[PDB]
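This document opens with one chain alone, in structure tokens, the form described as "T state" in its entry title.
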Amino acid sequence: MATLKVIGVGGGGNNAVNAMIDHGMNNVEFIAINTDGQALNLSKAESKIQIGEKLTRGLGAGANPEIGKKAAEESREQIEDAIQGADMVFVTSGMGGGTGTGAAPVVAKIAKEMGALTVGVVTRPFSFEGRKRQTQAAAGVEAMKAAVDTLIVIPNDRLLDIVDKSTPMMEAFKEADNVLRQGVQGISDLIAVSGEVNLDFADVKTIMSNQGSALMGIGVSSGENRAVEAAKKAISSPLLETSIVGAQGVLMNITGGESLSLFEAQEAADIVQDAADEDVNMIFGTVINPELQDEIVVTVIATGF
């Protein structure tokens, strides 16, 4: 049974971890890493690492990414110890600030050195935060790409596409944080359930290892055209920098009840193949859950851009 860990680095990362913990998420372990002692005390993560106390006196990094970087480096052994034993690590962080920008790539590097398949899920700042934030974030994204196996990037400007004038900011943030949660959950479930055409952690590793950009999606539907609709939802990317277009490898799992037809499994696969507009090398799986009635769930992980 593969050991999955989700590590929040800095404020936005720790917000994403707290959102997942709010949901439940069993067989996933959470680590909270921050310079900011105030926030870190309000984490509900069972493992907390305060970094950079020597540098900051318990405060944040004040928007300087070199302080985040040095803070993580100076706590390398404590970070190693909290990671030790993980088969897979998700590092989540907001790019643009001092702690996430600087520390998240160090954390990712440590994870990969420890032997973990390492996935980054990070945000880019809103345009209203300005040019310097955007430039610092881009340097962070580049540093994350170098350090991780695969990287999912969520530009915060995309949240402006999914709100009306009244949508609470916290509701919008929860949509961004669902990218991480549903991805991690999708992988936990994939590993836990024995499929008729079974996928396992080694298939996740083949798709996610030393790649670059990634997409991780889930789609649920029922009734007429359920398979096409579930697959379309799984690959949709309103919040993602990296869409399905250009994907060269995909892990796709379909879960349905006993009604799950061969024809609709091919319909779903073809949606992904056609949307990619490449010769996709697909790792295909299927689960029959006889407790389902008319529901289908399609899980996609896409890489090789």
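Take the two forms, superpose them, and find the largest set of C-alpha atoms that agree within 1.5 Å; that set is the rigid core. The first residue of the shown sequence is 1; numbering continues from there.
Averaged over their C-alpha atoms, the temperature factors of 254 to 262 and 24 to 32 are higher for 24 to 32. Taking the mean C-alpha B-factor of each stretch as recorded, 215 to 223 and 98 to 106 are not equal, and the higher mean is that of 215 to 223. Of the candidates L40, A268, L239, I51, the one whose C-alpha carries the top B factor in the deposited record is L40.
Looking at the C-alpha B-factors along this chain, the one for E113 belongs to the highest third. Among all modelled residues in its chain, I296 ranks in the highest third by Cα B-factor. Per the deposited record, the Cα B-factor of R124 falls in the lowest third when ranked against the other modelled residues of its chain.
Among the modelled residues of the chain, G140 sits in the lowest third by CA temperature factor in this PDB entry.
Residue-level temperature factors show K174 in the middle third of its chain, judged at the C-alpha atom.
Separately, the form described as "R state" in its entry title exists; it is not shown, and the next lines address it.
Considering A72, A111, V121, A214, one residue stands apart with a C-alpha shift of at least 2 Å between this form and the one not shown following superposition on the core, and it is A214.
With the core held fixed, the Cα of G183 is displaced between this form and the one not shown by 2 Å or more. Relative to the superposed core, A146 shifts its CA atom by less than 2 Å between this form and the one not shown. Shown in the overlay between this form and the one not shown, fitted on the rigid core, is a CA shift at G246 of 2 Å or greater. Annotation: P125/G186 CA-CA distance shorter in that other deposited form than in the displayed model, change of at least 3 Å. Legend note: Cα of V28 to Cα of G217 is at least 3 Å farther in that other deposited form than in the depicted form.
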